[PDB]
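A single chain, nothing else alongside it, follows as structure tokens in the form deposited in one PDB entry.
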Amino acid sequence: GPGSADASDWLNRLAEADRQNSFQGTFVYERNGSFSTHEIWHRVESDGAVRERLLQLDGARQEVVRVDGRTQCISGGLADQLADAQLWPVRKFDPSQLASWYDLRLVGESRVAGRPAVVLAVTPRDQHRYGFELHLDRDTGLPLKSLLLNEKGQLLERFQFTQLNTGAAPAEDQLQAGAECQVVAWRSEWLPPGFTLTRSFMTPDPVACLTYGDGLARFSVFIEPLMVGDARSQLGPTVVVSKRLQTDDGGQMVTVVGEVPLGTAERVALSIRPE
């Protein structure tokens, strides 16, 4: 868990940050050498719903609108939506859940997006998960920068804001996507310790998704049925494993993405069972 009272307070401020701040900002995402830039609008509405829109600023015009974690509309093909399931610049953390699996040390202060921030070094307590370096907004607790690091200290993933405006909630129109944003049963029998199912949900073909988290890390497993002789291997750079598996409910294309070591991802995928 946290290694000082300071780390504890800041961990706490982090967990509150998602449901208590409205903001607009732009950030960079990098995962295993990929590079993309995104604008985000995030607003706590009247009924406390957390409403969110992401717009990819480069590459293909791609958008996602979420309400309390549930996606209202999304853009593009399958691989795009894989990339989206990982686009969680500001997520809900669960300090009590995560404290069993990580040690958290206050390193000092920093600057991100021109704002004062606080730095936590987050170290795993086993080899089933990666470490993080987290930079928390001094003012709001929001995660300005997140570095995913392996045991050898190599950078595997970067979330990093380039600008953040927490001074006034976005207007209604800023929370709405465009016409290209399209409207709108399995289990893992092995999970790494501490991981629980965060979320499950279901374009060219029907695909099931399971997102898992340990209070800190997030990874997702996509299960795509089957054409049977013409399988689609996900070949994106953020893909951790993509396997064709034979289950008791037929052939599945199983793809794991997110913040999860390869060996761990492989064990999860191989444990996927129908219900």
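Residue numbers run from 1 along the displayed sequence. Just so we're on the same page, rigid core means the largest C-alpha set that superposes within 1.5 Å between forms.
Below, we turn to the form deposited in another entry, even though it does not appear here.
Visitor: On a core-based superposition, does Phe219 travel 2 Å or more at its Cα between the shown form and the other one?
Guide: Yes: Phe219 shifts by at least 2 Å between the shown form and the other one.
Visitor: Would you say whether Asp249 is displaced between the shown form and the other one, judging by a C-alpha shift of 2 Å or more on the superposed rigid core?
Guide: Passes the 2 Å threshold, so yes.
Visitor: C-alpha of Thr264: shift of 2 angstroms or more between the shown form and the other one, rigid core aligned?
Guide: True for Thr264: a C-alpha shift of 2 Å or more.
Visitor: Taking the shown form as reference, are the C-alpha positions of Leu55 and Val257 brought closer or pushed farther apart in the other form, with a change of 3 Å or more?
Guide: Between the C-alphas of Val257 and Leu55, the gap widens in the other form (3 Å or more compared with this form).
Visitor: Might you say whether the CA atoms of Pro237 and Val112 end up closer or farther apart in the other form than in this form? Their distance differs by 3 Å or more.
Guide: Compared with the form shown here, the C-alpha atoms of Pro237 and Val112 sit closer together in the other form, by 3 Å or more.
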